[PDB]
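First come two forms of one protein chain, each written alone as structure tokens, so that there is a structure 1 and a structure 2.
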Structure 1
């Protein structure tokens, strides 16, 4: 744990706080052991502005610091008892390191304010480009960050205690809405004042969580971790027709290439995209144990294999035709997509769920046939209304099936982006023999843990909080599908029992809609229409850019083809012209001038292999050339009449609906 220095003269000593043991090892290896101590922490640290005291005092990482500092806390804070006069925060140089810093200041500020007032609290400034202090060699760390001769600490200054109380309460407090407002007002897409630092550090954290972690893009419906996963699967060509591949490779690969975060965030995001109880349309095809509806985790990543689903191909379809803008990855050594072509409205179809900072999102999945007809109808009428859409899109369609009670929250969510929706299991009452009945549950509400739900029921019977239940079993199986059996006592009204379980168990459960997604890179709450409007315009830009791309590429080809026909019509002079040229450059120049060729045409000829002279290519080329001219007119046509552009989108979407659309699962009963 704590790696203390040897000098017991506090005023000369210093303790450094690092995010964990990985960072601690480099920090132990580079320090001057005489005067520098190290306490590795354990990641995110309790937000003592939110927690109550008993929990605070029983928190190990806190206790370690109090112990380590020796000054006591609060009323008993005794600054003279300090064992170091420099406490240095040295978190990783990332937003998460910045968050932790805010977490640490909050504590010092809430429980050790004089420590700040005496200027005992400093902030190391380690350099960027490292995932964590564990990535630095021990000599670079000491020099950049720990050598007093050159390190650049920032002593924490406390200017206006009134301004600081509000900051910690605003930034780190129970009340989300002031958090959210501070972000909205400040989001923009030697010594240090503790107010600016908290504001500046925490805003970078929040913003990063919002636009690059927890919320999905309206266009493709994806978060970066999923976008990176499927992209990585794409880039490695791991498609449905190819065999499965090991999850660990994938994770390490994506982690090295696109997603610089722990394997668990990567592995578990990939796991969910494969669970058919999680994804209305699974994007990942899984080989092996990928968890269960009882809350069983997936097998460890070394055991499992995965690959793209077929529908995933439509997300990536046309990605290499300049339909979307690529960007550089975290270290610059790679390009990654900012968004996928998403040839189907993935956001609504699979829905979404995220806890951000200052906000959350909660978007239910939907039936794909309805959505496309939804997008189809919108394609034909920009002023279409919400209720006219719910003729196509009757509502959410959970991968778990089950039932929905009434259309009242559906409509409010679609009109406002927020609304509440009751999900009911599918339960029938049936006879079990000898004058007794049983309740049989074959479908459960979305995101509900079956075992947990069974547990609670057992809990009520045992607690006599519910009367009339005799036995309780889970007969679920592969051969059966879900089958949960509740045996009722003879001559009891099974229906009153059922109505109790809905009220008293997750047997009935509510989905709270909170459709926030990223719109032009900014979080926005959207109603159903804006969600569809955005996907549509996305599809418009996609098909357009793709058409503009196929067109550049065809004109290039013909120009090369024009050049090659010439070469063929004068090959003997071509050859000798070449034979008598010392350098390519000489030849390049000579070809251009004699035959009015461009460089490409001229290059393409030089690269032409002898085998291309066979007697028949000249028409093969001629043949190819002519179709090319028909293709170009065809393309030029689409880019010159937006209505033509639109109908093609309709066609390709229609094509999608026929292939992948399916029946509704969730029954919507009028409440």
Structure 2
């Protein structure tokens, strides 16, 4: 019994608060009136009774507890006269996931306790916004704002149209995705309460948020918010590859407070993935300690592990503090975070992405960096280049885990339409092992296949006699010798027939279903290969142009400051007189401007100069910096005057990155 009941046993005047868990529950319990206010803390996202089978709804803990608590029974054994509270209040947290949970609770109430809604017994609390959850609020401010009958504003759930309600719960919570997807495309925007309205607004609120700020990557830098924030945090704390490894608990703590208002496990595990050479084609995090295995083992707890950027991540961040990309307010207006990273290499395609969102998902495979940039260079020289033509550069996916791809037709379809099915195979050979016996040796497995689960799958077949010919199965994999899975073949059995069966019946062959959905200008979009590169190139141009414009403004400010110091150096004797005959700093300022026709800034810079700056070498430093800066100023203006020069520079910086980080193709494309 999680239920913290009230004293009074008079249902007319008793109410029950459904909260997300004990973090909310505590604040709730501390602030309530225990005479008339019961509390039932749940455990987060409840079951979707619209998608779930009947037997499993009834065997579900929180469903049981809610029913037990209400005292009515369910569906047809629902007696409204046995109800123990005339007020059932949904008080989930005031975030998108709170709205989602409320829709899930409503789905449950409408399907199994419909008459409870019809009796006007179901209510929605209205906690203040700007709180991640109720546990973040003090007890008194939760009582006054949300729970005190004297000041609270509860919304009574009313049911208007029964037909229309049915169509709503089926559409939003039902198993058919397309209908949901259609609702989101049609409706997306980039103190009674109608149940139909609440469902539609709450779900859209959740759907949208998961679509544009959680599960789908941005086309420009290929990142989800969590990754973008982990990387930015690493940048902000000077956690570069030349520095030592920093503790993960601080990385996580920092990202969670400043940028990512969600649980630590989502953050830590997203970071861990980026450090794994079998998950990321070009790892983004350089980890120290236990960071997981291909066998599905998780990483060590965050208190043990350490991390920093890889050298390549520096290229994601290069020039972020040179006004290249737009910054936005963080979740609470106390911080600033990047909307997008500079992304000086085409990361989306390089590393790919997979996200399960709402009404849609995404699945992009990784690619070879040498080939992608070559692709970008060709597009840059011909805006009208066909997909076929791009594919002379980018042969197909290139998986961190190597392996084989069967044929080109799936790739082609996927590059042209954004969708397509790519068959992946393990790299396997047949060899002798003595006495006329043979074995199969696997040294590379498909992308995202759990090796230990794959081995168990084979063993299970052996055992069930669903496959013939295998006498032994060993995972000889080693840190020192790499992946090595050995399948011994029964004497005189065709091992090639056995190998073929394994590809038919086990993850030893696996398909990658490409479904290339990314955020293009804030909206989810199914894109082909060209579109993906087009948006990327366009982003590289804005980055380098904005960088060049930044460096200019700053060069011009510094030259202006140096012009002041040189005037000063030229008339040093007269500059001293002016300052020495002045009572206050303000008087000296005004006099320096008047005597030598200096700006307010130049005068300040002169007054701030130390006596040290009068030594021979220091005087020469000022002159030397000034001459170097004039040459730099025109170098910048030249680039700004000519579009082709700019684009050329985007080409030369991409090339430089290709030469330094480009590497061999790993996945073999068999015809």
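Positions refer to the first chain, counted from 1. In this text, rigid core is short for the largest set of C-alphas that superpose within 1.5 Å between two forms.
Panel note: of 47, 43, 550, 509, the residue at the hinge between moving rigid parts between structure 1 and structure 2 is 550; all others are over 12 positions away. Core superposition places the Cα of residue 594 3.1 Å apart between structure 1 and structure 2.
The two forms, fitted on their core, place the C-alpha of residue 361 0.2 Å apart, compared between structure 1 and structure 2. Relative to the superposed rigid core, residue 632 shifts its CA by 1.7 Å between structure 1 and structure 2.
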